[PDB]
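One structure is given here, and the rest of the page talks about it.
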Amino acid sequence: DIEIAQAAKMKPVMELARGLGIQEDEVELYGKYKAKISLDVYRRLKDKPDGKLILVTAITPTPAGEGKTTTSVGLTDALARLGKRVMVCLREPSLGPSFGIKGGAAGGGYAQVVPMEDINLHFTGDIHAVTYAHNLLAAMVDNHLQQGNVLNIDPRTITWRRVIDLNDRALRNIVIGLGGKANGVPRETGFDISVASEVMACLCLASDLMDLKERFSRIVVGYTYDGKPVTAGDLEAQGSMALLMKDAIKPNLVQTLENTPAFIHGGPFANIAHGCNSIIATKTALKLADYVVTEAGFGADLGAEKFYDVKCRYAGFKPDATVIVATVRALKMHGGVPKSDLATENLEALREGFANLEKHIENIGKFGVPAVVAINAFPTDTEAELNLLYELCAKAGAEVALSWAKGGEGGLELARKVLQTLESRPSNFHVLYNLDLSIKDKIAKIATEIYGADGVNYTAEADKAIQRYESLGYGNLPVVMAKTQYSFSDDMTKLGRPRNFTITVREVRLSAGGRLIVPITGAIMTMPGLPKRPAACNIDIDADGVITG
Amino acid sequence: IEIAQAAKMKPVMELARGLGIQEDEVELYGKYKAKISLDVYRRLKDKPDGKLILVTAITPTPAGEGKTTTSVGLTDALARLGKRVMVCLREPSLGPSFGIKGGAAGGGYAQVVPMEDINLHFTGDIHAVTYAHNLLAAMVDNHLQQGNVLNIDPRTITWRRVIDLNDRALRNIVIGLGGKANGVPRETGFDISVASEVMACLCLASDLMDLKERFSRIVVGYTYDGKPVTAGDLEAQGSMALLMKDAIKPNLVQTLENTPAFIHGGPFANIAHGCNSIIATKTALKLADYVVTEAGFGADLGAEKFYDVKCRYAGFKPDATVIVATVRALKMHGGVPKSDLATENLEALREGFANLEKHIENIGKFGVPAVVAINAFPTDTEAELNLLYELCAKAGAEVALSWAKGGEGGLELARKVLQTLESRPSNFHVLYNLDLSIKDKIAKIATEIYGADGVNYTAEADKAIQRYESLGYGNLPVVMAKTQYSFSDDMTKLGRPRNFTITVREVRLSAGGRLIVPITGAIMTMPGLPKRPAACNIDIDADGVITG
Amino acid sequence: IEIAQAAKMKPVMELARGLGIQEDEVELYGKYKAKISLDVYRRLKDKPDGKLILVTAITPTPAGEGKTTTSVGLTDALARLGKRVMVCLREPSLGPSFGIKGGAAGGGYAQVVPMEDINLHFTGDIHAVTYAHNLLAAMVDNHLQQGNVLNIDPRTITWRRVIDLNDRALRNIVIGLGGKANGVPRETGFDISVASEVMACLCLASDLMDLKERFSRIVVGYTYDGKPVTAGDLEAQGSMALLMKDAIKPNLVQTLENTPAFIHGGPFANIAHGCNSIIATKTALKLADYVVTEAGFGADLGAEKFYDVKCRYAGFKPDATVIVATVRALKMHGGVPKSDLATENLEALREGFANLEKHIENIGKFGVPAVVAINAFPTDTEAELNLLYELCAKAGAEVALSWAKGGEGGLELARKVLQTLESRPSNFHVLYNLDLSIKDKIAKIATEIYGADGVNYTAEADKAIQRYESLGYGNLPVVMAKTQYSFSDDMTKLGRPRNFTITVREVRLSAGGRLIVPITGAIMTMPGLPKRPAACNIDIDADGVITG
C-alpha cells in the first residue's frame, strides 16, 4: 500500500502511441514501456488546433506538504475517466535525491506516472546527455586555455562551472588543472547538480535541435582579460554539444497507473530556472491531446510565474485554466500552527493561513487565466475545517481531491470544475511584464505584483552586474527570480502572506541560453549534499528485486 | 569513407529469436540494439557451451594493428559457412569521439552496427558505471564530512572521481574547499570512466549479486592506523549495484552481415585485463556453437591477462586462439620508419618478424592452439607475403582480406580455425598460480611472456607489495601495467627485445579483481584532447551528423 | 626633497644620559638608535609621570592630513622652550617602501631620524613580531599533523600567517598539500605583519611577562564541538615571547632637533586602536615632564580607541589632546574636488568645517581638553584662514607652520597647549563601560562619536556576538573596524554626515585585547603593490640608496 508497493499493469507504449495517433516509425522504444517520439509528430501537426492547457500549481510550500504532481496525475486520470482525450507532461527527477533522502514517485498513492523505478533512476538517459553536453563544453574551455588561450579568456572569470547528477558537497568549490604545465591551467570552479545545468534549462525551452543548438552557441563561459564576453559559440562547440543531445531532444512517453498517456521530459530547478518540463513535450502534447495537464515547480509565486513568463512566452502557449493545490494542514501551518499540533482543529489558524492561497488566487488572476483550487485530502482535516476552506474560497471554484487514495475516481469533482470553467470562462492569458522594460523594472513588477513586496533593494555587486548585462545587451531578456520558495519574501521564516517587506537581491547571474537569473537569498544551493544518514546506506538490490527506494 | 558503410540492418528482437531467446528476455533500445537478460544463461546453465576463438594480436605500431576488424570479419566468414557463432567486443570510451574522431566497431565489412550508437551513448552502459563510481566517491567524501566515523585518512584515499571525456585539467585537483559546510578539503582527481575499476568489475562478474559483492571488496582508502576501508564498510555496495541493474545485461547487435554480436563492457587493457565482460561470453557460449572474442593491446598483455584473469575466475578453456598481424606492422619491428612502410624489404620484414614469432610461442604455453592471421594491405606485395607466409613455420598461417571483401576475405582463415580446432584439442591451464607470490607471479609473467631476465622493484613497489600481502590482498592475480609497445617496458625496443629487464616502480591494488603492477609511466588514466579537436569540427545537420 | 633633509644627528647613548638612564639600560643598534630597557620604568615606577599632549587629527582626505608632522614639530617647539618632553610614534610597515615609496617619520623639520633605518629594518622590531606570529601558525598546523589532540577543526582556524610585504597573491591560498608528510591541507592566507594581532598585543602590554600571557589568550580556532582553542592550549605563549624579548624594549631616536623620541610599535588603526605601544609612553612618562603621542586615522577611530583601549588598561588620563586639520582638507568636506583645492572658497571651507567641529565636540566628551591645530599651506590665503580661525569658536585654535619652519612654526601653538593644559584640568573617563554589552558598547560609540542614529547587525554579526558572550569574550572593549574616511561607514559621505546608520556585517574576536566589529569591507589586511612599483625603481649606489 506504500506508493511503490503499487506496481500493476502497464500497456506497451506502442499500443499507447498507436492509440493516440503516433506512427510506429516515430517511436524509439526503450523496453515496451518507454519511448522517444520523433519531433516529426509535432512538425507535421503544427497546423491543427491546440488542446486545452491546464497548468497546475500550488501554494507556498511548507514542510507539512501539499501534493502537486499527485493531483497533476489524478486530475489527468479523472479527465480521462470522464471520456476526455488527454495527456500529462511531467519532469524526470534528479538521481542523487534517490541515494541521499530516498526517491519518491511521480506524485503518489494511486496518482502517479510509471514505470516508477526507471523514471527515478536512469530513466531513458536524458540527464546523462545534459551532464556530458555540459562537461564536454567545460573541457573545451579548460582545453582552450591549455592550448594557448587564443580567445584570451581570463580564467578567473569563468562562470561555466562543471556538473554531475549526484548530491556531493565537496565538489562545490574545488581547484582545477594542477600538476604542471602539462595538465592545464590552475583555476577555481566546482560542480552543480546536473538538473541545475543551464543545458537542461535550454532543453526545457528549445523548439527542437537546430534551435537548442543556436542557444548553446550563446552560452557565456567567461570573459577576456579585457571584459568582452566569450561564449561556447566562440569555442565552436554547439555542434558537438548538439550531437550529444541528439537523442535527448525527443520527449518520452509513459503512462499513469490507470494507463492515461503522459510525457516525462526536461525538468530544471525552479529558482535558477523556470521549473517546467520542456516546451516540445508539451507542444507535442497539445496536438495529440484535447486536454493537457502540466505542472510547475515551487508555489505559484515562482513556477507558475515563470511558466507564464518564460515557457508560454517563448512557446506561444495560452493557458486556459489553472488548478492550484492546497492542503488544510499546510494552510494552518501558514496560519502559525506548528508541525506537531497540526492534527488539532483550528479554523482560526486556518483562516489566517488562507491569506496565502487567497494571494496566489489573486496572482493567478493577474495573468487572465481562471483558477480552480484543489484541496488535497488528508485524514485529520475535519469538515469544520474543509467546509470553511471551501466558502473561504469566495473567488474561485473549490473542490477536494481524493486522488491519492481513490486514483482517478477521487479526482472526478475537480475535473468537473476544470471542465466546467473550461467552458464558461475562456482564458485571457498575458505575460506579467514586457521584455522592453528595465531589468530592475521587470524585477519590481514581479516583487510588487506577485510577492506583494513593497520594493527591491540591491547590493553593489547586484548593480555592477545588472549594469554590465544591460550595456552588454541582455537587459531586454526575461527575468527569473531565484528566491526562497517557502515564503512570498526572501525570508524563509515569513510564512503566510507577509506584508510591508522588501526583497533584497544581492547577486545577478545570466543564462544567455535563455535569460537573467537574479538570486536573493543563498538560493544558490546549486549542489545539495547527503545527510548523515545517506539514504544510499540502507539501499540494496535483491538477487531479483530492489529494496529501499 | 568507412562511415558511408551504413546499409541494411535487422530487428534484434528477431535475431534474439533466431538464437533461442524468449521474447521476455530482451530490452530494446531502438529496433537495432537490445539488452538481453541474465535469465538466458542461468537456465541454459547446463546446455553445451561452445568453442572460443580467442582472437588477439601482435605488438601495436604506428603502422596498423587490425585486432578487431579481423576478429569480426572472421565471424562474417565463420557463420558465412552455416555456423552457430557470435562475437563479444567492448564499447569504446566516449571522450575519444569529440577528441580524435571515432571509428566503426572493428573495421571494413566486419564492423558491428549501428556505428554511431556505439562511439556515442549506446545503451548508456558507461554512464551507469560512471555514476556507480562517482557516487562511491561521493559517499566517501560525505562520510568525512559527517565525522569520519571510520577514522579514514583523506590523504590516503585512493578513490578518485570519474568522467568519460578527455579532460587534462581534471587530472589533479583539490576538492572540499569552502568550509565546514563544503566538507573536507583534500586532493584527488578524475580518471576516464572506461578506465574505472568499476568498468572492470563489470567485465569480470557472474551476475549482479556477484558484481554487488565484487564491489564491496574494493578499497577506497585507509585509516590513520593504516587499516583498509572498503566500499563495504561504507555500505555503498548494493547501492552502486542498482545503478548498474541495466548495464549488467549484455547488449545485442549484429554485423553488416547480421552475425549475432555481443558488445558489452570496455576496460583499460593495461591497468586491467582489457577484455570484454564475462556474462556476455559465458552466456554467448550457451547460445552458440562458437564465440569469437578479443582482448586489449598485444598478446603479451591482453592475451596473457585474458588467460589469467577472465578464464581463471569464469572457468573458460580457450579451445583456440588466433593472432593477427600485418606486413608493414612487423616490418617496423625491423627498424622500418612510418614514412618507409610504402616500400618492400624482405630483410627487415624478416627480423621484425621475431615479434610475431615470439607471441606465437607464448600462446602455445597456455595449453591452447594458435594460428597466424595476416592483414591484407595494397602494398604487401607478393615477394613480401611469400616470406612472412613461410616464416610463420610453427603453426597455422592464413591470410585474411576481410577489410575490402567482407566475410569473404575471411573464408580462407575461417576454414583454418575450424580445421585446426577440430584436430587440435587443448588443455587450458593458467601460466601461473594464484597461490605463488605477487613477487613470483610477476616473475613468471615477466620471464616466459615478456622475456625479462629478471624483475626489479623500487622502494615503493616493495613497501606496498608487503602491505598487500600483510593484509591479504596478496593471493590475487597480476595485471601488468606496463607500456604495450614492447614485451619490455622500453617503448622504443621493437622486435623481440632480449637481455632486458622489467623494473616495477609502483604497485596499485584493485580489490575488485587483481593487482596492477605499474612499470613505466603507464598512468594515462585520463587522456587529453588535441589543439585541433574533432569537437570543434563536429556538427549535426538539421538532419544527421557530419564529421564525427 | 624631504629626504635631502639628512643632516646633524647625535649619540643616543648621550641622550639616554640627558634623560636619566643608566648606561646599562640601552642596547645600541648603531650610534644613532637604541633599545632602552624596561628596568627604567619599573624603578621610576613611583616617580611623577607627566602630561599627555595626545595629538590626533580630522578626517583623512586626498588633500593632506598632517597628523604626525604637526605632532613632532610641536615637540620641536615645546622643548624648544626649555621643556622636558619626548615623543611616541610607530614604525611604518616595510612593504610600502618598495611599493608606494617611503616617507620621513612625520614631516618637514619635525621628522624623527634617521629616516631610512625606519622605513626599512630599523631595530628589526617587526621581524620579531612576524616570527612570533608565523610560528604560532606553524605550531597550529603542526599539531593537526600530529593527530589533532585538541580535536581542532582546520576549517574553523582563524590564525593566518604573516609577511611584511604587499603581496596580493598571498591573500587566499591552500597549504598542507602533498600527503601524510606534508600535513593537513586547509585554507588560510597572509595578512601584513603590522596588521597582526601580535603587533597589537605588543602595542598594549605592561612588560614581557604581561605580553607573554596576553599572548596565551589569543584564539587560533575552535574544535569540532565549537570549543575555543588558544595559543595557551598550544603551549606557544612563552615561546613566542622569547622571539620578542628584544622588541618589547622601546626604541630611541631623536628629532632633527634632537628631541628625545620613542618610536615603538605600529598596529593597524582600523582593525586595532592604531596607537603606539604602551611601555614606550608609560616609561616615556616617568622620564619626562610631558609626552607627545599620536594615534591612527581620524579622531573618531584612533582618538576614540586610544581613549578606550590604551588609557583603559594602562591607566592614562590624557591631560590634553590636540586636533590637527588643514584648510584644503576641510574644504573637500564641502564638495571641493582634488583638482579644485588650489582656489579659495569661504563657503565650502565653511560647511566642510563641520568635520573639524564635529571632532572637537567628541574630544571634550572624554573629559579632556582640546585645541585646534592648523596645517600651513602656500594656498591657505588670508581670507581662508581668518574664516577657519574664528570658526573654531569652541576651544583653543592656533596655526602651525612646522613644515618649512621646523620647531619654529610650532611655537605659537606650543605656548597654547601649555597655556590651555595649565589652566584646564581634565578628569579622564572612558566614553563607555567594559561591563555594558558588546551590542550597547557599539551603541554609544556609534551614537556619540560617529553619529549613528542606530546600528544594525547582519545575520553573522549576530551569531558571533552571541557565541563570544556565551563564551566570555563579551566583557571586552570594542575596536570599530569601519572605513576611516567618515564617521559613517559610507566612504563617500564627507563633512558631518547625519541621519545615517552604521551596519555591522561581521565581527572578529581578538583575545589579545578587544573586539573588532567590521563594517564595510575594511578587511584590507594585506595590500598590494601597483603596476609601477618603487621596487622596480629602487637602486643602491656603489655608495648609497637612490629613489627609496
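Numbering starts fresh at 1 for the residues of each chain in the C-alpha cells, the chains themselves are lettered A, B, ... in the order given, and ligands are numbered from 1 as they appear.
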Residues near residue 436 (chain C), anyone? I mean within 10 Å using only C-alpha atoms, not counting same-chain ones fewer than 2 positions away, as a PyMOL selection string.
chain C and resi 432-434+438-442+474-477
Now that the selection is made, can you save its residues with N, CA, C and O atoms as a PDB file, in the first residue's frame?
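What follows is the written file selection-v7.pdb:
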ATOM      1  N   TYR C 432      32.577  54.805  27.549  1.00  0.00           N
ATOM      2  CA  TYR C 432      31.661  53.674  27.677  1.00  0.00           C
ATOM      3  C   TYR C 432      32.179  52.688  28.725  1.00  0.00           C
ATOM      4  O   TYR C 432      33.306  52.829  29.201  1.00  0.00           O
ATOM      5  N   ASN C 433      31.375  51.696  29.098  1.00  0.00           N
ATOM      6  CA  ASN C 433      31.845  50.755  30.105  1.00  0.00           C
ATOM      7  C   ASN C 433      32.125  49.361  29.588  1.00  0.00           C
ATOM      8  O   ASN C 433      31.457  48.867  28.682  1.00  0.00           O
ATOM      9  N   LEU C 434      33.123  48.732  30.200  1.00  0.00           N
ATOM     10  CA  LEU C 434      33.561  47.387  29.847  1.00  0.00           C
ATOM     11  C   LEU C 434      32.549  46.337  30.313  1.00  0.00           C
ATOM     12  O   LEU C 434      32.639  45.161  29.942  1.00  0.00           O
ATOM     13  N   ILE C 438      28.358  44.194  24.278  1.00  0.00           N
ATOM     14  CA  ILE C 438      29.055  44.364  23.009  1.00  0.00           C
ATOM     15  C   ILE C 438      28.116  45.154  22.105  1.00  0.00           C
ATOM     16  O   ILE C 438      28.533  46.067  21.383  1.00  0.00           O
ATOM     17  N   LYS C 439      26.835  44.801  22.182  1.00  0.00           N
ATOM     18  CA  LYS C 439      25.793  45.450  21.405  1.00  0.00           C
ATOM     19  C   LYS C 439      25.573  46.905  21.814  1.00  0.00           C
ATOM     20  O   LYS C 439      25.330  47.768  20.966  1.00  0.00           O
ATOM     21  N   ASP C 440      25.658  47.176  23.114  1.00  0.00           N
ATOM     22  CA  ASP C 440      25.456  48.535  23.612  1.00  0.00           C
ATOM     23  C   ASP C 440      26.728  49.393  23.590  1.00  0.00           C
ATOM     24  O   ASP C 440      26.651  50.630  23.552  1.00  0.00           O
ATOM     25  N   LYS C 441      27.892  48.741  23.617  1.00  0.00           N
ATOM     26  CA  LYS C 441      29.171  49.455  23.579  1.00  0.00           C
ATOM     27  C   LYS C 441      29.340  50.048  22.173  1.00  0.00           C
ATOM     28  O   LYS C 441      29.818  51.176  22.012  1.00  0.00           O
ATOM     29  N   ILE C 442      28.934  49.279  21.160  1.00  0.00           N
ATOM     30  CA  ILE C 442      28.987  49.740  19.774  1.00  0.00           C
ATOM     31  C   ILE C 442      28.001  50.900  19.707  1.00  0.00           C
ATOM     32  O   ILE C 442      28.232  51.917  19.039  1.00  0.00           O
ATOM     33  N   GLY C 474      32.916  38.631  25.838  1.00  0.00           N
ATOM     34  CA  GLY C 474      31.940  39.695  25.659  1.00  0.00           C
ATOM     35  C   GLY C 474      32.206  40.946  26.483  1.00  0.00           C
ATOM     36  O   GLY C 474      31.793  42.049  26.098  1.00  0.00           O
ATOM     37  N   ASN C 475      32.896  40.780  27.612  1.00  0.00           N
ATOM     38  CA  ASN C 475      33.218  41.892  28.516  1.00  0.00           C
ATOM     39  C   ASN C 475      34.410  42.716  28.057  1.00  0.00           C
ATOM     40  O   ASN C 475      35.012  43.425  28.853  1.00  0.00           O
ATOM     41  N   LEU C 476      34.744  42.632  26.775  1.00  0.00           N
ATOM     42  CA  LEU C 476      35.894  43.351  26.230  1.00  0.00           C
ATOM     43  C   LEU C 476      35.536  44.668  25.544  1.00  0.00           C
ATOM     44  O   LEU C 476      34.367  44.922  25.240  1.00  0.00           O
ATOM     45  N   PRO C 477      36.542  45.535  25.305  1.00  0.00           N
ATOM     46  CA  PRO C 477      36.309  46.825  24.644  1.00  0.00           C
ATOM     47  C   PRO C 477      35.830  46.574  23.210  1.00  0.00           C
ATOM     48  O   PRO C 477      35.473  45.447  22.858  1.00  0.00           O
TER      49      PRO C 477
END
Quick one: which chain A residues come within 7 Å of chain B, and what is the nearest atom pair for each with the distance in Å to one decimal, counting only C-alpha atoms, rows ordered by chain and ascending number, as JSON lines?
{"residue": "A:28", "atom": "CA", "partner": "B:30", "partner_atom": "CA", "distance": 5.0}
{"residue": "A:29", "atom": "CA", "partner": "B:30", "partner_atom": "CA", "distance": 5.1}
{"residue": "A:30", "atom": "CA", "partner": "B:29", "partner_atom": "CA", "distance": 4.8}
{"residue": "A:31", "atom": "CA", "partner": "B:27", "partner_atom": "CA", "distance": 4.7}
{"residue": "A:125", "atom": "CA", "partner": "B:124", "partner_atom": "CA", "distance": 6.9}
{"residue": "A:128", "atom": "CA", "partner": "B:127", "partner_atom": "CA", "distance": 6.8}
{"residue": "A:136", "atom": "CA", "partner": "B:165", "partner_atom": "CA", "distance": 6.7}
{"residue": "A:139", "atom": "CA", "partner": "B:167", "partner_atom": "CA", "distance": 5.7}
{"residue": "A:142", "atom": "CA", "partner": "B:169", "partner_atom": "CA", "distance": 6.2}
{"residue": "A:147", "atom": "CA", "partner": "B:531", "partner_atom": "CA", "distance": 5.8}
{"residue": "A:166", "atom": "CA", "partner": "B:135", "partner_atom": "CA", "distance": 6.9}
{"residue": "A:168", "atom": "CA", "partner": "B:138", "partner_atom": "CA", "distance": 5.6}
{"residue": "A:169", "atom": "CA", "partner": "B:182", "partner_atom": "CA", "distance": 5.2}
{"residue": "A:170", "atom": "CA", "partner": "B:176", "partner_atom": "CA", "distance": 3.6}
{"residue": "A:171", "atom": "CA", "partner": "B:175", "partner_atom": "CA", "distance": 5.8}
{"residue": "A:172", "atom": "CA", "partner": "B:182", "partner_atom": "CA", "distance": 6.8}
{"residue": "A:173", "atom": "CA", "partner": "B:177", "partner_atom": "CA", "distance": 5.1}
{"residue": "A:174", "atom": "CA", "partner": "B:175", "partner_atom": "CA", "distance": 4.1}
{"residue": "A:175", "atom": "CA", "partner": "B:174", "partner_atom": "CA", "distance": 5.2}
{"residue": "A:176", "atom": "CA", "partner": "B:173", "partner_atom": "CA", "distance": 4.8}
{"residue": "A:177", "atom": "CA", "partner": "B:169", "partner_atom": "CA", "distance": 3.7}
{"residue": "A:178", "atom": "CA", "partner": "B:172", "partner_atom": "CA", "distance": 4.9}
{"residue": "A:179", "atom": "CA", "partner": "B:172", "partner_atom": "CA", "distance": 5.9}
{"residue": "A:183", "atom": "CA", "partner": "B:168", "partner_atom": "CA", "distance": 5.2}
{"residue": "A:184", "atom": "CA", "partner": "B:169", "partner_atom": "CA", "distance": 4.6}
{"residue": "A:185", "atom": "CA", "partner": "B:169", "partner_atom": "CA", "distance": 6.8}
{"residue": "A:210", "atom": "CA", "partner": "B:542", "partner_atom": "CA", "distance": 6.1}
{"residue": "A:236", "atom": "CA", "partner": "B:536", "partner_atom": "CA", "distance": 5.2}
{"residue": "A:237", "atom": "CA", "partner": "B:536", "partner_atom": "CA", "distance": 5.6}
{"residue": "A:239", "atom": "CA", "partner": "B:539", "partner_atom": "CA", "distance": 3.8}
{"residue": "A:240", "atom": "CA", "partner": "B:538", "partner_atom": "CA", "distance": 5.1}
{"residue": "A:242", "atom": "CA", "partner": "B:540", "partner_atom": "CA", "distance": 6.8}
{"residue": "A:243", "atom": "CA", "partner": "B:540", "partner_atom": "CA", "distance": 5.8}
{"residue": "A:530", "atom": "CA", "partner": "B:142", "partner_atom": "CA", "distance": 6.8}
{"residue": "A:532", "atom": "CA", "partner": "B:146", "partner_atom": "CA", "distance": 5.8}
{"residue": "A:536", "atom": "CA", "partner": "B:239", "partner_atom": "CA", "distance": 5.7}
{"residue": "A:537", "atom": "CA", "partner": "B:235", "partner_atom": "CA", "distance": 5.1}
{"residue": "A:539", "atom": "CA", "partner": "B:239", "partner_atom": "CA", "distance": 5.2}
{"residue": "A:540", "atom": "CA", "partner": "B:238", "partner_atom": "CA", "distance": 4.3}
{"residue": "A:541", "atom": "CA", "partner": "B:238", "partner_atom": "CA", "distance": 5.7}
{"residue": "A:543", "atom": "CA", "partner": "B:209", "partner_atom": "CA", "distance": 5.7}
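Reported to one decimal place, the separation of CA of residue 401 (chain B) from CA of residue 107 (chain B) is 11.3 Å.
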Would you list the contacts of residue 399 (chain C) as an NGL selection string, taking every protein, DNA or RNA residue within 7 Å and counting only C-alpha atoms, but skipping same-chain residues closer than 3 positions in sequence?
:C and (373-375 or 413)
Apply DSSP to the structure's backbone, then extract all residues of region 304-396 of chain C labelled helix (DSSP H, G or I) and return them as a PyMOL selection string.
chain C and resi 304-314+327-332+338-340+348-364+382-391
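Summary of the local environment: counting only C-alpha atoms, residues at most 7 Å from residue 105 (chain B), other than itself and those fewer than 6 positions away along its chain, are residues 111, 112 and 115 of chain B.
Of the residues under consideration (B:180, B:214, B:84, B:350), B:180 shows the shortest atom-to-atom contact distance to chain C when counting only C-alpha atoms.
Checking C:380, C:233, C:225, C:344 one by one against chain B, counting only C-alpha atoms, you find the shortest gap at C:225.
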Determine which residues of region 59-141 of chain C receive a DSSP assignment of strand (DSSP E or B), computed from the backbone, and state them as number ranges by chain.
C: 85-89, 105, 112-113
Residues from last step as file, N, CA and C atoms, as a CSV table (one decimal), in the first residue's frame:
chain,number,residue,atom,x,y,z
C,85,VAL,N,60.1,67.0,27.5
C,85,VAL,CA,59.1,66.2,26.7
C,85,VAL,C,59.8,65.4,25.6
C,86,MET,N,59.1,64.3,25.2
C,86,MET,CA,59.6,63.4,24.2
C,86,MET,C,58.6,63.2,23.0
C,87,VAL,N,58.4,62.0,22.6
C,87,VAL,CA,57.5,61.6,21.5
C,87,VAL,C,57.3,60.1,21.7
C,88,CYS,N,56.3,59.6,21.0
C,88,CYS,CA,56.0,58.2,21.0
C,88,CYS,C,55.2,57.8,19.7
C,89,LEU,N,55.9,57.4,18.7
C,89,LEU,CA,55.3,57.1,17.4
C,89,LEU,C,55.2,55.6,17.1
C,105,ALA,N,59.6,60.2,9.2
C,105,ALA,CA,58.7,60.0,10.4
C,105,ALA,C,58.1,61.3,10.8
C,112,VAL,N,61.4,62.4,12.8
C,112,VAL,CA,62.3,61.6,13.6
C,112,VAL,C,63.3,60.9,12.7
C,113,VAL,N,64.5,60.7,13.2
C,113,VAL,CA,65.6,60.2,12.4
C,113,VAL,C,66.5,59.1,13.1
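Among the candidate residues C:419, C:22, C:75, C:56, the one lying nearest to residue 372 (chain C) is C:56, with distances computed using only C-alpha atoms.
Remark: for chain C, the closest of the candidate residues B:148, B:501, B:37, B:255 is B:148 (distances computed over only C-alpha atoms).
CA of residue 418 (chain C) sits 21.5 Å away from CA of residue 58 (chain C).
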Considering only C-alpha atoms, state which residue in the set A:350, A:78, A:334, A:463 is at the smallest distance from residue 493 (chain A).
A:334
